[PDB]
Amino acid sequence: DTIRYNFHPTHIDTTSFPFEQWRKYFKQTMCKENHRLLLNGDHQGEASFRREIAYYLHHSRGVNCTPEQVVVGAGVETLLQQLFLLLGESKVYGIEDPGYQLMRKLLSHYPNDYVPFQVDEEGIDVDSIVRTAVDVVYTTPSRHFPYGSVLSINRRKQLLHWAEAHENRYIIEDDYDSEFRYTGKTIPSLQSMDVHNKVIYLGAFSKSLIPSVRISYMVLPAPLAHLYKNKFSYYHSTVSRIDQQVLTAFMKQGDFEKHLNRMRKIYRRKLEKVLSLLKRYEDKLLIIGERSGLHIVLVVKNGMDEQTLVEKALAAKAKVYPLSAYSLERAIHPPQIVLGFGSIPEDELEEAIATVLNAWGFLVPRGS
C-alpha cells in the first residue's frame, strides 16, 4: 500500500505552514549582498540566531540564558552526542520509562550506562533516582511522552536538591515537545528554577516550524558552555547558515510568534474535534493526556492485542503507533495506541478517525 493517514506523534500540519513568508525571508537572505553567508559561520550557531533563541526561550518557557550558552545543532541526536562526549565516559544516565527511545538507543554506542525510572501522575520517580547512583537525569518535566504527566513542583525541588548535592550531577530537561498546551495551569521550565548551573535545556524547531529542517538547540550551564567552546573549537556548524539567518529574520520580525499563535489555534480545533468523536466510545476506549500536545493515548479493550490493532489499522491504510515501541516493560496491558493528528488535515479528521475505528470493528458515523 501507500498509507493514507499517518497518526505520527511528531507530525505537524504541513498544509498550514506560511510558505509565502518563508520564501520571502529566503529571498531576503540568499542574495548577492549577503554573499559572505556562503562561508562557514560560528560553529556554535550564528550570534544573531542564538540571540533570538535566548529571547524566544525566555518569553515562551522562562528560560534564562545568554546567547553564548546556546548551542545550535542538526537535531536533538547531534546535540546529545556532543553532550555525551562533553560530560565524559564515566557518567551514568537515568531515563524515563516509558518515553521516546532515542536517548537509550544513542547510549548503546557510548561507554556510558543508563538506568530507567518509572514515570507517574507527578513525573519521574525522583525517590528511586536518589537511591540509585545515576549522575545525569534525562527528563521531560513539562509534559511527559506519551501520557502527558507533569513533574510536580515538589519533585522539581527534590530533584534540583539532588543535583545540588554533588559536583558531577546534571539534569537534562527535554522540551522537544513544543508549546501546544491547552489545559491545566501553565507551568515554567525547570531551568528557570535552576540557580546552581545544574540544568541542561534541550529543544528544537520541530513541532513549531518545520521538522525536516533539522534545527535544534541545547542550552548549557555557563561552566559547560565554556568547556564546550574549548572542546569543540575546531568543529563546524551542522546547521545551514542560510537557514539560521532565515529563521533569525522570521523570528525577529514577529512572524515566528504569529505562526505559533496561529498554529496553536489550529491544533486546538483538531484536538477538540478528535476528543468530540472519541468520547462517544468511553466504555471501550480510554483517553490519556488529552489536553496536551498533538497526540493522545488510547487504551483499547477490544480483546484485540496491540499487534492486531496496528495491523488492522495498517490494512485500512492508517498508520498507528503501539505504546510498546516506547517501553522497556514488554508487557503493556491493556493494549495502548498513540495517535497523533498533526499531519491529518482538519477537514478530514472525522474520516481519518472513522477509518481507524472502523478497522477496529467499531460502529462509525457516515461519510468515511
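Heads up: residue numbers just count along the shown sequence, starting at 1.
Novice: According to the deposited model, is the average Cα temperature factor higher in 167 to 175 or in 273 to 281?
Specialist: In the deposited entry, the stretch with the higher C-alpha B-factor mean is 273 to 281.
Novice: Averaged over C-alpha atoms, is the B-factor higher for 18 to 26 or for 352 to 360 in this PDB entry?
Specialist: Higher mean C-alpha B-factor: 352 to 360.
Novice: Per the PDB entry, which option out of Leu39, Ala325, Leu57, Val310 has the greatest Cα B factor?
Specialist: Checking the PDB record, the top C-alpha B-factor among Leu39, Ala325, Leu57, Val310 is at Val310.
Novice: In terms of recorded Cα temperature factor, pick the maximum from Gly62, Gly303, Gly45, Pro67.
Specialist: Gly303 has the highest C-alpha B-factor of those listed.
Novice: Comparing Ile287 with the other modelled residues of its chain, is its CA B-factor in the lowest, middle or highest third?
Specialist: Highest third - that is where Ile287 ends up once the chain's C-alpha B-factors are sorted.
Novice: If you rank the chain by CA B-factor, which third does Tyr217 end up in: lowest, middle or highest?
Specialist: Answer is lowest: the recorded C-alpha B-factor places it there.
Novice: Once the chain's modelled residues are ordered by C-alpha B factor and cut into thirds, is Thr238 in the lowest, middle or highest one?
Specialist: It falls in the bottom third of the chain.
Novice: Place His226 in the lowest, middle or highest third of its chain's C-alpha B-factors, as listed in the PDB entry.
Specialist: According to the entry, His226 has a C-alpha B-factor in the chain's middle third.
Novice: So where's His35 on the chain's Cα temperature factor ranking, which third?
Specialist: According to the entry, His35 has a C-alpha B-factor in the chain's middle third.
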